Amino acid sequence: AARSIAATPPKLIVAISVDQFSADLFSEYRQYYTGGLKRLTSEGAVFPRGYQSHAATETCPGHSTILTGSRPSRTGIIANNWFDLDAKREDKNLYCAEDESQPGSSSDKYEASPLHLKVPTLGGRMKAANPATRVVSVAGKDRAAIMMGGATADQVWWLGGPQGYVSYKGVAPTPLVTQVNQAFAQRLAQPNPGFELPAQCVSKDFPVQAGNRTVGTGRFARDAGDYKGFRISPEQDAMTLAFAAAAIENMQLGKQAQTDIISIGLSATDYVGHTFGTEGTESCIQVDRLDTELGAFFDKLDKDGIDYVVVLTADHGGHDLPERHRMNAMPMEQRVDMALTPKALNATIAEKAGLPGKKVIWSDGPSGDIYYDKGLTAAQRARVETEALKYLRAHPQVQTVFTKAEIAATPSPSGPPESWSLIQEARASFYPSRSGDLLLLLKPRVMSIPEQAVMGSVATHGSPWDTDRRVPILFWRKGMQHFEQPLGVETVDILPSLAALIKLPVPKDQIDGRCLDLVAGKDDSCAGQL
Ligand SMILES: [Ca+2]
Ligand SMILES: [Zn+2]
Ligand SMILES: [Zn+2]
């Protein structure tokens, strides 16, 4: 039966982040969905040009926007890792989702924590308005689960390894979690024969060499006990969705008086895209499995009779590896110069600044935030800035370099995210106590993974360009009226759009997003405070 998505408050909010599910990838395969993604695109409110609008198009900044209504400039989550050169501990690199105050910690051996997140999540705001609210977050990555759930979440679980799903220190598995992990262990202990190709994947079945690796033809065959293989496959998304459905039923989410919320971070698409690039059989199979498993998941919830509303989006977009782009009509695609990577860049800048052999800058990839060493004198700091700017601006693969002061002086951006300037994008993931002294941006179609004889990941996101910012945002509730809205919107718009449905006020001055009307035609779901 036809029924407005705003007719009454939904009893359950289901928020799904598909890691690296770019609008490019989503759109390419849109015509082949038959399951859960067909349900959302054919019946839902469809924003195919959503934006993780900031420059720092990584997993942690992206997840911090989805259920906070807040850009990274406000969440404080400006990268997966940032330096705190004043940190007490020896490792000045901080992980986005750790508590570095813990003794004996490092960015390699950390204690998971939402402490770095400066704002509440939607579940936190629902819980402040009504303590009976349950707030649940499950993902294949701790940072996804943590940043979507927020500090007051009831249950936060993520895939921790071959042991299965785990939570914060001190949190023992419930009977449900042990059952889930027993099921997980049994699946892992069985070989997976892999997947024959869906029709749409047959055309993608050709090998591409990158350094010592060959990609393009994988079908997720894997040995028993091969956890790496399990992690980089549709298998972990199936597990995470099963875990979510069981949690929903076991906790009776959506079946009480108040509205509950569960966030789900489906990580496989990202591992797959990193390891193989995005246009081969591996991503193609993964996206088709995603559609199927989402369909099974929505069918279970429907069978349970739950009145739920869904939002599905991504934490960032993605970009294919250069070697395949060059085969497919993009011959200018290329990998970043090894000279721009951290060790080589620091050695170059230190030398030009008259300080050869010294540590003068800190960085953790060939783009993004660069920090001056705190042990520089003011004069030395000034030479280092001058030489860094001079050298990077003259490099043929560099688009531009912003100083901290230039970004700071930029007003928080407004207006259509699809036509922002680069510095507006930078401003949207600028947070003074955590951001670098310089922000390095590479030219379009330069992949920030240099060519090497021995390589790992062949492709990544993290650039300020459209492939990496643009993501779908899909909303759905049984019986609603579908519409398509192709103009740009931001993932920070998601929180106020859901809050309106449950009549939760959200002070406009505490968030960056705006309410999106999810009611096609005359009536307006946002009518009210938002
Ligand atoms: Ca309307
Ligand atoms: Zn991600
Ligand atoms: Zn990634």
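> Can you help me understand the overall build of the chain in this one?
Along the backbone of the chain there are 19 helices and 20 strands. Its C-alpha atoms give the chain a radius of gyration of 23 Å, within 12% of the compact-globule value 24 Å for 530 residues. Taking the principal axes of the C-alpha coordinates as reference, the chain spans close to 70 × 50 × 50 Å. Looking at the chain as a whole, 61% of its 530 residues are labelled buried. Sequence-distant contacts in the chain: of pairs separated by 6 or more residues, those separated by 24 or more amount to 72%. When the accessible area of the chain is evaluated, it comes to approximately 20400 Å², of which 51% is carbon and sulfur surface. Of the charged side chains in the chain, 55 are positive and 60 negative, and the gap between their average positions amounts to 3 Å.

> I'm lost on helix 5 (residues 122-129) in this one. Help?
Side chains three or four residues apart in an α-helix point the same way, a direct result of the helix having 3.6 residues per turn. Summarising burial for helix 5: six of the eight residues are buried, a large majority. Summarising the contacts, the buried residues of helix 5 are in contact with strand 1 (12-18), strand 5 (135-139), strand 10 (260-266) and helix 19 (494-501).

> Looking at this structure, how should I read the packing of helix 10 (residues 234-250) against helix 12 (residues 281-303)?
When two helices pack together, their arrangement is captured by the angle between the axes and the distance separating the axes. Direction vectors running N to C along helix 10 and helix 12 enclose 10°, while the axes themselves pass 10 Å from each other. In terms of axis orientation, helix 10 runs roughly parallel to helix 12. Two secondary-structure elements touch here, helix 10 through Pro234, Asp237, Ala238, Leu241, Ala244, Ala245, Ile248 and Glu249 and helix 12 through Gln286, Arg289, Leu290, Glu293, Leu294, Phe297, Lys300 and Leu301. In terms of residue class, the contact of helix 10 with helix 12 is made up of ten nonpolar, one polar and five charged.

> Could you clarify how one ought to interpret the coordination of the zinc ion (ligand 3) in this entry?
As a benchmark, a tetrahedral metal site with four donors has ideal angles of 109.5 degrees, while an octahedral site with six donors has ideal angles of 90 or 180 degrees. Every protein donor of the zinc ion (ligand 3) is accounted for by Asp270 (OD), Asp270 (OD), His274 (NE2) and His461 (NE2), and the metal-donor separations fall at 2.0 to 2.6 Å. Bound by four donor atoms, the zinc ion (ligand 3) shows angles of 54 to 155° at the metal and therefore irregular coordination geometry. A gap of 4.1 Å separates the zinc ion (ligand 3) and the zinc ion (ligand 2). Separated by 191 residues along the polypeptide, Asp270 in helix 11 (residues 268-276) and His461 in the loop between strand 17 (446-447) and helix 18 (466-469) bring together distant segments of the chain. Across this residue pair, the class does not change: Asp270 and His461 are buried.

> How should I be thinking about the state of the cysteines in this particular structure?
Disulfide: a covalent bond formed between the sulfur atoms of two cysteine residues. For the structure on display, the rule yields three disulfides. A sulfur-sulfur distance of 2.1 Å marks the disulfide that ties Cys60 to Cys96. Because the sign of the S-S torsion sets the handedness, a value of about 85° for the bond joining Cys60 and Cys96 places this disulfide among the right-handed ones. Taken as a pair, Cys60 in helix 3 (residues 59-66) and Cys96 in the loop between strand 4 (93-95) and helix 5 lie far apart in primary sequence, 36 residues in all. We classify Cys60 as buried; its relative accessible area is 0%. Classification of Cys96 as buried rests on a relative accessible area of 0%. Disulfide pairing places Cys515 opposite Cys526 at an S-S distance of 2.1 Å. The S-S bond linking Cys515 to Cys526 shows a torsion near -90°; that makes this disulfide left-handed. Here the residue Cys515 occupies a position in the segment after helix 19, and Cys526 occupies one in the segment after helix 19, the gap between them amounting to eleven residues. When its relative accessible area of 10% is taken as the criterion, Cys515 is described as buried. Relative accessible area serves as the criterion here: at 8%, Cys526 is assigned to the buried category.

> Looking at this model, I keep getting lost on the domain arrangement of the chain. Mind explaining?
One frequent convention defines the size of an interface as the accessible area lost when the parts assemble. Parsing the chain into structural domains produces domain 1 (1-327 + 454-525) and domain 2 (328-453). A C-alpha centroid distance of 29 Å is found between domain 1 and domain 2. Taken together, the contacts link 50 residues of domain 1 with 43 residues of domain 2. Taken over both partners, the interface formed by domain 1 and domain 2 buries close to 3700 Å², and the fraction arising from carbon and sulfur atoms is 57%. Across the contact surface, domain 1 and domain 2 share 22 residue pairs in polar contact. Those elements giving two or more residues to the side of domain 1 that touches domain 2 turn out to be helix 4 (72-75), strand 3 (81-83), helix 13 (322-325) and strand 20 (489-490).

> What exactly am I supposed to notice about the UniProt feature "active site" in the chain here?
As annotated in UniProt, the feature "active site" corresponds to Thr59 in the numbering used here. The topology assignment puts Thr59 in helix 3. The exposure class of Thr59 is buried, given its relative accessible area of 1%.

> How do you make sense of the pattern of salt bridges when you look at a structure like this?
Pairing is possible between side chains that carry opposite charge, provided their charged atoms lie close to one another. According to the stated counting rule, one finds 27 salt bridges in the structure shown. A salt bridge links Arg470 to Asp24; its shortest N-O distance comes to 2.5 Å. Of this pair, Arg470 sits in strand 18 (residues 470-477) while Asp24 sits in helix 1 (residues 23-29), and the two are 446 residues apart along the sequence. On the accessibility criterion, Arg470 (7% relative accessible area) is buried. The exposure class of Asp24 is partly exposed, given its relative accessible area of 33%. With a closest N to O distance of 2.9 Å, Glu490 and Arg71 form a salt bridge. Taken together, the residues span a long stretch of sequence, with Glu490 in strand 20 and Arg71 in the loop between helix 3 and helix 4 at a distance of 419 residues. Three or more residues joined by partner-sharing salt bridges are found here, namely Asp24, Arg49, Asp466 and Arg470.

> Is there a simple way to think about the nonpolar core in this case?
Soluble globular proteins: nonpolar side chains tend toward being buried together. Counting 68 residues, the largest nonpolar core has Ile16, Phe21, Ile264 and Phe297 as its most contacted members. Of all the elements, helix 12 adds the most residues to this core, at eight residues. Excluding residues within four positions of it along the chain, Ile264 makes contact with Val14, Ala15, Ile16, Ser17, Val138, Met148, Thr240, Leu241, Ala244 and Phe297. Counting 60 residues, the second-largest nonpolar core is a separate cluster that includes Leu85, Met148, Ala153 and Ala499.

The rules behind the values
- Residues numbered from 1 in each chain as written, not as in the entry; some residues may be left out.
- Chains lettered and ligands numbered in written order.
- Heavy atoms only, no water.
- Helix = DSSP H or I, 4+ residues; strand = E, 2+ residues; numbered from the N terminus.
- Rg over C-alpha atoms; globule rule 2.2 N^0.38 Å.
- Buried < 20%, exposed > 50% of the residue type's maximum accessible area, 1.4 Å probe, protein only.
- Contact = heavy atoms within 4.5 Å.
- Areas by Shrake-Rupley, 256 points an atom, 1.4 Å probe, with all protein chains shown as cover.
- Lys, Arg positive; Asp, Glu negative; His and termini not counted.
- Charge placed at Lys NZ, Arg CZ, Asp CG, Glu CD.
- Axes fitted to C-alpha atoms, helices over the stretch in contact; angles between N-to-C directions.
- Parallel < 35°, antiparallel > 145°, perpendicular 65-115°, else oblique.
- Nonpolar A, V, L, I, M, F, W, Y, C, P; charged D, E, K, R; others polar.
- Donors = N, O, S within 2.8 Å, 3.2 Å for Na, K, Ca; no water.
- Tetrahedral: all angles 85-135°; square planar, octahedral: opposite > 155°, others 65-115°.
- Disulfide = S-S within 2.5 Å.
- Domains from an automatic or database assignment.
- Buried area = accessible area lost by both parts, 1.4 Å probe.
- Polar contact = N/O pair within 3.5 Å; in protein donor to acceptor, adjacent residues only side chain to side chain.
- UniProt positions renumbered as here; feature names shortened; annotations may be inferred.
- Salt bridge = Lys/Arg side-chain N within 4 Å of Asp/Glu carboxyl O.
- Core = buried A, V, L, I, M, F, W, Y, C linked by side-chain atoms within 4.5 Å.

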